[PDB]
Amino acid sequence: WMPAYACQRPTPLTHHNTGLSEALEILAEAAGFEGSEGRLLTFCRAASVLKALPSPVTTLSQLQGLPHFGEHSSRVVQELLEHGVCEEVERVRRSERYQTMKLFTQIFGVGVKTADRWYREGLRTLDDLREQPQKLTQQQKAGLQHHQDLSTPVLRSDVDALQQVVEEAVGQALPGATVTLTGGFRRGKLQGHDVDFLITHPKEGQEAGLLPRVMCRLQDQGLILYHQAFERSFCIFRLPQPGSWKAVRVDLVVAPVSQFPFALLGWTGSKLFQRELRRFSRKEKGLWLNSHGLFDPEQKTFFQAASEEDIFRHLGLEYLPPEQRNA
DNA sequence: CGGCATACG
DNA sequence: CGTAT
DNA sequence: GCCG
Ligand SMILES: [Ca+2]
Ligand SMILES: [Mg+2]
Ligand code: NA
């Protein structure tokens with residue numbers, strides 16, 4: 001009744017096992033801080049299974065036969081069901097290692113490997129990093145300066161205003177180019193940590209060289225607080241606020257229209273959904289999927305797609321709208 | 001046991 | 001190394 | 001950590 005890959009089942013944004021999935025995602029996060037990508041994946045997948053269930057898990061026996069629930073994840077759920085808390089989870093939550101790796105990796109420009117090295121050097125706080133700024137990249141300096149604003153959720157109300165200003169710059173850069181909202185907001189989220197936009201043009205090839213032209217125009221409008229030929233830009237934008245403004249993370253991606261369905265699919269996520277979809281494609285169908293296309297390595301051919309529906313059909317999967325990709 | 005998504009800046 | 005879903 |  002529960003298929004093993006997240007791309008084989010609908011996952012809504014809100015569900016019936018929120019507390020259970022949040023606990024498993026703590027353990028997944030902690031596994032990632034320690035470099036165990038395998039354990040991170042299992043805990044993420046187990047969490048995702050619970051999101052896809054039609055009602056709350058109330059008894060341990062309801063986990064029988066669910067994929068990705070073994071001794072460890074089942075014991076976590078058991079303790080939560082019996083006592084309302086899981087000691088392992090609370091131990092992680094309280095730990096200096098978890099709290100500091102979380103704090104450091106949430107800086108734009110800082111990943112697990114950097115955070116871990118800083119942790120091993122004895123650093124613990126944002127002000128610890130500010131006092132030693134020669135150790136920081138320009139990207140990290142921007143992430144640290146803007147860290148407080150970037151920790152405030154972006155609201156869907158914010159997104160429409162940003163999309164309008166991006167469209168104006170895009171339209172001057174290349175008349176006829178389009179901007180599509182992707183990422184979590186396209187899956188129905190009401191808040192987010194950033195805004196993701198996908199840009200293309202209906203005439204194949206006209207999008208070449210577009211992103212620099214867009215970025216230069218946004219920068220001339222004074223809207224870019226930070227940014228790095230290219231096709232992806234990871235920016236910090238100045239977003240108007242009542243009597244002021246706040247910094248917001250915005251990602252811009254350009255794709256040729258031939259690849260647009262693949263880029264839309266990839267950038268709409270969720271992250272776990274796309275990993276599971278690419279895993280399914282390769283392992284179950286022998287096809288190689290990325291945000292550019294879908295390759296048959298036996299015929300050495302790429303699948304043409306005119307829509308996301310095409311891609312799901314190519315892969316033998318029932319279509320899922322973005323709102324059901326919240327794996 | 002091997003495998004765990006796949007790319008660009 | 002960072003970033004993206 | 002779990003699947004096949
Ligand atoms: Ca993003
Ligand atoms: Mg996003
Ligand atoms: Na980071």
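Letters A, B, ... are given to chains in the order of the sequence lines, protein chains preceding strands, and every chain is numbered from 1.
- A:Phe302 contributes atom CZ, which lies 9.0 Å from atom CG of A:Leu294 (distance to the nearest 0.5 angstrom).
- Residue pairs meeting the ring pair (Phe, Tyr, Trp, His ring centres under 6.0 Å) criterion with at least one partner in residues 22-41 of chain A, sequence neighbours excluded, are A:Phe33-A:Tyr98.
- Spacing between atom NE2 of A:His227 and atom P of C:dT3 amounts to 18 Å, rounded to whole angstrom units.
- Here B:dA5 is the nucleotide among B:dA5, C:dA4, B:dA7 with the atom lying nearest to any side-chain atom of A:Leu41.
- Because its NZ or CZ atom is not both nearer than 6.0 Å to the ring centre of A:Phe237 and within 45° of the ring axis, A:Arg249 does not count as a cation-pi partner of that residue.
- Counting only N and O atoms by type, the side chains of A:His72 and A:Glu88 include a donor and acceptor under 3.5 Å apart.
- Side chain A:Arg282 to base B:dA5: no donor-acceptor pair is found below 3.5 Å.
- For the pair A:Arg39 and A:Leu211, nearest-nucleotide mapping onto DNA chain B gives the more 5' position to A:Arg39.
- Looking at heavy-atom distances under 4.0 Å, A:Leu40 makes no contact with the nucleic acid at all.
- Within the structure, every side-chain polar atom (N or O) of A:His292 is placed at least 4.0 Å from both OP1 and OP2 of B:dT6.
- Nucleic acid contact class of A:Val253 (heavy atoms, under 4.0 Å, all strands): none.
- Taking atom CG of residue A:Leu136 and atom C1' of nucleotide C:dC1, one finds them 14 Å apart after rounding to whole Å.
- Heavy atoms of A:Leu24 sit nowhere under 4.0 angstrom from any nucleic acid atom.
- Contacts of A:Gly111 with the nucleic acid, taken as non-hydrogen atoms under 4.0 Å apart, involve only primed sugar atoms and P, OP1 or OP2.
- For A:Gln145 and A:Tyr226, the side-chain atoms include no donor-acceptor pair closer than 3.5 Å.
- Between B:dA5 and A:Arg278, no contact under 4.0 Å exists linking OP1 or OP2 to a side-chain N or O.
- Between A:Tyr226 atom OH and C:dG2 atom P the separation is 13 Å, expressed in whole Å.
- One N or O on the side chain of A:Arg9 and one on the backbone of A:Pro3 form a donor-acceptor pair closer than 3.5 Å.
- Using a 4.0 Å heavy-atom cutoff across all strands shown, A:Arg279 reaches sugar-phosphate atoms only and no base atom.
- When heavy atoms are screened at a 4.0 angstrom cut-off, A:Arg187 is found touching the sugar-phosphate backbone but no base atom.
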> Yes or no on side chain to side chain contact (heavy atoms under 4.5 Å, CB included) for A:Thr200 and A:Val254, after CA distance, side-chain angles and deciding distance?
Replying inline: CA-CA 6 Å; A:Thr200 191; A:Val254 172; over 6 Å; no

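- A:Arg325 comes within contact range of no nucleotide atom at all, as no heavy-atom separation falls under 4.0 Å.
- Remark: A:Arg313 fails to qualify as a cation-pi partner of A:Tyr319 under the 6.0 Å distance and 45° angle criteria applied to the six-membered ring.
- Bracketed by its first and final contacts, the part of DNA chain D lying under 4.0 Å from non-hydrogen atoms of chain A reaches from D:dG1 to D:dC3 in 5' to 3' order.
- Nucleotide C:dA4 holds its P atom 13 Å from the CG atom of A:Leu252, rounded to whole Å.
- The nucleotide whose nearest atom lies closest to any side-chain atom of A:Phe230 is, among B:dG9, C:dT5, C:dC1, B:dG9.
- In this structure, A:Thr268 reaches the sugar-phosphate backbone alone: every heavy-atom distance under 4.0 Å involves primed, P, OP1 or OP2 atoms, never a base.
- Straight-line distance from the CZ atom of A:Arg275 to the P atom of B:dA5: 4 Å, rounded to whole Å.
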Please list, pair by pair, any protein nitrogen or oxygen found under 3.5 Å from a nitrogen or oxygen in nucleotides 1-3 of chain B.
residue, atom, partner, partner atom, Å
B:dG3, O3', A:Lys283, NZ, 3.3

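- Looking at heavy-atom distances under 4.0 Å, A:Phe43 makes contact with sugar-phosphate atoms alone, never a base.
- Contacts of A:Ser73 with the nucleic acid, taken as non-hydrogen atoms under 4.0 Å apart, involve only primed sugar atoms and P, OP1 or OP2.
- The two residues A:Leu40 and A:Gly32 make their nearest non-hydrogen contact at CD1-CA, 3.6 Å.
- Taking atom NZ on A:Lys189 and atom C1' on C:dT5, their separation rounds to 12 Å, with Å as the unit.
- Using atom P as the reference point in both D:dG4 and B:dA5, the two lie 15 Å apart (nearest Å).
- The separation between A:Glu231 atom CD and B:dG9 atom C1' is 10 Å, rounded to whole Å.
- Taking 4.0 Å as the cut-off between side-chain N and carboxylate O, A:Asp220 and A:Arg217 do not count as a salt-bridged pair.
- A:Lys113 comes within 4.0 angstrom of sugar-phosphate atoms only, judged by non-hydrogen atoms across all strands, and of no base.
- A:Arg186 and A:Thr268 are linked by a side-chain donor-acceptor pair at a separation below 3.5 angstrom, with hydrogens and angles left out of the test.
- Contact annotation: A:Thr114 side-chain N/O to C:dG2 OP1/OP2 distance is under 4.0 Å.
- We find that CD of A:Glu276 is positioned 9 Å from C1' of B:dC4, with the value rounded to whole Å.
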